[PDB]
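[1] got a structure for you, letters missing:
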């Protein structure tokens, strides 16, 4: 909801390292791999759950 | 797909004269009528055909 006002809607998905731990993810950002993918947001749905984000990978980066 | 990242996404609409010829469209820009109408973009669907774009009459121009 914060990035809606941004003139450029883009989202970046990364790849977590082994031993997934959301506590580590929130605590230490280094766990996530360097490689990532920035792309566009198509449409929010949130039918059954308030977060149902459809994700595409368009611009890979390291 | 190039205009998706534009701050102001807009699409024009022109009119071809007689002797309809896409080869002339790519060759002779003179085929396109100087009268036109620009508009904002609504959304892209592409149900069966890869290209299905909706155009509107928003701002007429001579």
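    Ah, there it is. Numbers count the residues shown, from 1 in each chain, chains lettered A, B, ... in the order given.
[2] Return the backbone torsion pair for the residue nearest to the spatial centre of chain A.
    Residue closest to the mean C-alpha point of chain A, counted by C-alpha atoms, centre = their mean, is residue A:13 at 3.8 Å. When quoted as degrees, to the nearest 10, the phi and psi of residue A:13 stand at phi -100, psi 130.
[3] and it, bridged to which residues?
    When bridges are called by DSSP bridges, residue A:13 pairs up with residue A:37.
[4] Contact partners for it?
    A:36-37, A:39, A:55, A:57 (C-beta atoms under 8 Å, 6 or more residues apart in numbering or on different chains). (C-beta placed from N, C-alpha, C; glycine too.)
[5] How about the residue in chain A positioned nearest to chain B, nearest residue that isn't a chain neighbour?
    Across chain A, the shortest distance to chain B (C-beta to the nearest C-beta) belongs to residue A:7, at 5.4 Å. Spatial nearest neighbour of residue A:7, excluding adjacent residues (C-beta to C-beta, 6 or more residues apart in numbering or on different chains): residue B:7 at 5.4 Å.
[6] give me the number of residues near residue A:9?
    14 (other C-beta atoms under 10 Å in any protein chain shown).
[7] can you pull the contacts of it?
    Contacts of residue A:9 by C-beta under 8 Å, 6+ apart are A:3, A:40-41.
[8] Those also near chain B: which ones?
    Applying C-beta under 8 Å from any C-beta of the partner chain to the contacts of residue A:9, one finds that residue A:40 fall near chain B.
[9] Could you dump the contacts of residue A:9 into JSON lines with secondary structure and neighbour count added?
    Supplementary listing: these in JSON lines, determined by DSSP: H, G, I helix; E, B strand; the rest coil; neighbours: other C-beta atoms under 10 Å in any protein chain shown:
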{"residue": "A:3", "secondary structure": "coil", "neighbour count": "10"}
{"residue": "A:40", "secondary structure": "strand", "neighbour count": "14"}
{"residue": "A:41", "secondary structure": "coil", "neighbour count": "14"}
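[10] Next to chain B, which bits of chain A? Give me the list.
    Counting by C-beta under 8 Å from any C-beta, the residues of chain A near chain B are A:7-8, A:40.
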